[PDB]
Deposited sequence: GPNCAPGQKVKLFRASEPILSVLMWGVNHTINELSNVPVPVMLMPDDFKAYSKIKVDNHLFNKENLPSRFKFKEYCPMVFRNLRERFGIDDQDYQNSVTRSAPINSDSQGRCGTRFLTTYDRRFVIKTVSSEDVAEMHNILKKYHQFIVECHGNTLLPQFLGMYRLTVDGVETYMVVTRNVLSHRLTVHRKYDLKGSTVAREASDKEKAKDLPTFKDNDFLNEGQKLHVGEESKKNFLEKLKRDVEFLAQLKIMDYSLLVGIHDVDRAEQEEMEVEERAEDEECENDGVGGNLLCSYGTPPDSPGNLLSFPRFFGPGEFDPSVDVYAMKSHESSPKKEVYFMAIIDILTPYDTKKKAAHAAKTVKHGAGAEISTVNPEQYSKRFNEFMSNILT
C-alpha cells in the first residue's frame, strides 16, 4: 500500500507519476527496435480528484514523461530493472535542486526547459552511442525525464544513476572542471564541493588503470562532436580506514563508477568518477581531457 507520503507535495507527485508510468509501461510490449517517433513521444496524465485520495496526494496535478520507450530501453541497457527503479522512487519519499531516492541509488535533478529541449536534441545520438558502448561509459546514465505540474507551476526533472556510492559514505567530493575554487560558504558545508583549484592545492591524487582514460577520451570526443560544453567530472573519495557489511566493500554492478585504490596508495581508499552536466566546445574537449589525464597514477 503505497501512500505517497513525502516531505512536500511535489515529491508525492513524482512518486505517484513514476509508479503510474512504470506500471503503464509494463502493459506496453518491448519493441524489436526503437523507432524515430519514440524519440518525439510523450505520456501525459491529468489527475482531478475531488474529496478522494487527498491524504498525501494533491487533488489536481499533471504528470508528463518524455520518450517513455527510449528511457525504458536506456534503463534496460544500463542494467536497471523497471521494478527496481519504481521501488527506489515510490517505496520512500526522495531526500535532499538535487534529490536522491531514499536508497541513494538514483539522483533526481531539477532542470530547465532549455535543458529538456537540449536532451531532446541529443537523445537519438546519445542512445545510439550507448548501444555502441554496451553501456560501458562515463557519461550520465539518463533513466527518465518528467514534467510535473503542481498548483499551476511546471517543474522539469531528469533522473540519473548516482555517481557516488549508495552505501559507502563518501569523504571528499571534487567538481573538477580560467580557474575555479570553492566559495567559503560552500567550503563550510557538512560535505564540501571542492572545485578544480583545490584538488591541486590539496595534493590529493588517485593511484590506480589506463583503460579509464580510454573510455573517457571516447566520451568527451562524442560530447564535443555534439557541440556540448560546460560539463564537469565528479570525483568522490572514501577513506576505508575512517569506518552485516564491510569497509571498502561494494557491489560493482550497483556502484558502477567505483574503483579500488592501488596497494601503492598512502591511504586505503575507494574512488568514484563520472561525467556530469552535459545539457547546453571543441577546445573544451582537449583542455578538460588534459586536466583529467594528469590525475591517475
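Quickly check which stretches of the deposited sequence aren't in the model, judged by C-alpha, and list them in order.
-> Residues lacking C-alpha coordinates: 1 to 9, 106 to 114, 196 to 198, 230 to 233, 269 to 312, 350 to 376.
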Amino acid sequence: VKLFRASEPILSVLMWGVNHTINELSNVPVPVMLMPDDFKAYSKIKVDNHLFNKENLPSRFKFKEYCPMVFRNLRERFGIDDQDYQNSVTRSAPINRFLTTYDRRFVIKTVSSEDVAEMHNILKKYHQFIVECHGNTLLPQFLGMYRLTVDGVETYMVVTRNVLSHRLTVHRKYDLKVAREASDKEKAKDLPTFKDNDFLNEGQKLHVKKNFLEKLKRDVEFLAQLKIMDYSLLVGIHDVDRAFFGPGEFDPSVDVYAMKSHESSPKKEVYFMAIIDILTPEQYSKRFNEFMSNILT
From here on, numbers count along this sequence of modelled residues.
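On average, which has the higher Cα B-factor in the deposited entry, 195 to 203 or 217 to 225?
-> Averaged over C-alpha atoms, the B-factors run higher in 195 to 203.
May I ask you to compare 42 to 50 and 227 to 235 by their mean CA B factor in the entry and name the higher one?
-> Taking the mean C-alpha B-factor of 42 to 50 and of 227 to 235, the larger value falls to 227 to 235.
Which of these, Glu186, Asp103, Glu118, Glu76, has its C-alpha atom at the highest B-factor, as the entry lists it?
-> Max CA B-factor in the entry, restricted to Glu186, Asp103, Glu118, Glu76: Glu186.
Per the coordinate record, which of the options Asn211, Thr90, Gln83, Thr160 holds the highest CA temperature factor?
-> Of the candidates given, the C-alpha B-factor peaks at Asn211.
Entry-reported Cα temperature factor of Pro281, expressed as the chain third it lands in = Ranked within chain, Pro281 CA B lands in the highest tercile.
Taking the values exactly as deposited, rank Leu148 by C-alpha B-factor within its chain and report the matching third: lowest, middle or highest.
-> It belongs to the lowest third of the chain when residues are ordered by C-alpha B-factor.
Please place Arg172 in the lowest, middle or highest third of its chain by C-alpha B factor as given in the entry.
-> Its C-alpha B-factor, which the entry lists for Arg172, ranks in the highest third among residues of this chain.
If you rank the chain by CA B-factor, which third does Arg242 end up in: lowest, middle or highest?
-> Ranked within chain, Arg242 CA B lands in the highest tercile.
Taking the values exactly as deposited, rank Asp251 by C-alpha B-factor within its chain and report the matching third: lowest, middle or highest.
-> It falls in the middle third of the chain.
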